[PDB]
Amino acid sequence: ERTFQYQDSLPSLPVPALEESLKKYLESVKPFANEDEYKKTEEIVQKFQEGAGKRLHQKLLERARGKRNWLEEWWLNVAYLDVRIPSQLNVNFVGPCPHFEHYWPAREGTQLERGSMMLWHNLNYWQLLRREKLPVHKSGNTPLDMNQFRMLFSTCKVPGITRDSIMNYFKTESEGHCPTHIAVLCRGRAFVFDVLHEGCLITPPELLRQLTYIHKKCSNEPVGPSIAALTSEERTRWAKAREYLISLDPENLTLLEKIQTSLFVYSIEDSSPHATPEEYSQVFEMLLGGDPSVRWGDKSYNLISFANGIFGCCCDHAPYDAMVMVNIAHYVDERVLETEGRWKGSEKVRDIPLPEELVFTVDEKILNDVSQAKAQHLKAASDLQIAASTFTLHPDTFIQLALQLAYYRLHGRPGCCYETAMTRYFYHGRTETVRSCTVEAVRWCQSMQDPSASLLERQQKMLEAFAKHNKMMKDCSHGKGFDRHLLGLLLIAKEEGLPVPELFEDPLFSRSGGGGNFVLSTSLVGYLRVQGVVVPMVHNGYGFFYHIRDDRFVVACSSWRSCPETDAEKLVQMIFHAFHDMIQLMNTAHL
């Protein structure tokens, strides 16, 4: 069995029935509307269903007739590439490598040694992928889309004036040649070297010589021009800075492309985030913040190495979602476990070429832009607050409802929530929105705060909330959600120069979360001991992510300090109490 052999067999992303989508939409706005607003929205939806919507839907069906995935290109552009805000901090997702839970606890002086092994395992993953030896993901006997794995290596975003682009240089052995070098960022400088020698992958001792060489060379020398810091800027500012940089010397483009085509970028940081099984929220913070001078925000996969032997991944969210990163990070975690975090092979170090430095041609203007880039990123990142803890009826639904209750208790109102739903059953399927803030969820939350509510009432309403969320998640992952569908209708109109339908201008459309206005941006990040996180979707909102183990729940929450109303730590404390109360309710109801 080969990694991508089922791709040509995957079913097309479906287009739900208009009526069902509009029914679900109407039901979703109830928690945020009074009688009048609801009646208004209902009439707007009815007219839409009878007129413009019916026509736009037909056009969407025609698009689907010619595309195995009618949403793919649109989603990439509208959700990522066209967005102008600095993506490195506000869009990229990060994930700490869980090796400090066992063999690699935080310890000064272990950066280079552990680093050599981190690269070795990551590269072995790449070899498996290139040979298509990576196991095909399946639900039962049904294969899932594996296309996102092509975006892990040799993939990089390139800034544009109005629209960025994704360059995917990866290729399996059957398709052709694939770049074989990695890029290392250190002290505002950049180096590259081939990972192959005489046909085989170089070993940890050899990789250690490369890293040691780079580290030692830069340590007692001033920080370089830090061109990488430009990747953390507002997208248009970076696009222009990139054009200017290239105008200074054609060769500069060659240097940029070398970074772009590298299997991945490895960053050497001199900071040491507190990272223990108990407290490691700081790893998330330095991963999203850090020193821009050694981070290539546009890279799909930027492996980060801290001074205390701690590691993490920072990824561009544009080409793929977090699960690919979770998979490789877990793969590495297993390798470290099986090897006791050591290289027990030959200590020989063959005579391989030393890393080559990419020396960019720069002038006073470029250096001023670089300076500006670093400053804006550091300032913006300093406003980020991260709270991470471990707590020890589908678990995902349980957590989603607990979050609803926690927010309800902490802020006194239902929080419109976005939960990622994967649609990998379909060709190049990525995600769909699950709206956790349902009428059922709110009714249950009210009963939990209702002194006159009987144990039986609370249990009954909670179960009804579970059932609703479960059905919702199932439909969404099966392509029957409605958020992407409505987006598609909107894009059909725009692409033809037709006006925006009134349904989207309706106050309830954005109050219910539409248009990227969810106060709670959430997602399960799997069951592989790896945790991921991104900043909130809105200034006065939260980012809440988690992963599930057979004996615990691990959560990571983000919020903006400049927003006095929100507090990531308090929300996490609140959800833990929520977990407690729900557990108690279930056990008591047990009887």
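Note that residue numbering begins at 1 and tracks the sequence as displayed.
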**Message:** Counting only residues that lack coordinates, how big is the gap in the deposited sequence between residue 392 and residue 393? Pick none, 1 to 3, 4 to 9 or 10 or more.
**Reply:** 10 or more
**Between 367-375 and 158-166 (mean CA B-factor, as deposited), the higher** = 367-375
**Asked** Taking only the CA atoms, which stretch has the higher mean B-factor in the record, 65-73 or 39-47?
**Response** 39-47
**Highest-ranked of 227, 94, 123, 106 once sorted by CA temperature factor in the record** = 106
**Criterion, highest CA B-factor; candidates, 150, 274, 478, 330** = 274
**Request:** Could you say whether, by C-alpha temperature factor, residue 444 belongs to the lowest, middle or highest third of its chain?
**Result:** middle
**Item:** Record-listed C-alpha B factor of residue 243: chain third
**Value:** highest
**Prompt:** What third of its chain's C-alpha B-factors does residue 32 belong to: lowest, middle or highest?
**Reply:** middle
**Complete:** residue 13: CA B-factor among chain residues, third -> lowest
**Asked** If you rank the chain by CA B-factor, which third does residue 138 end up in: lowest, middle or highest?
**Response** highest
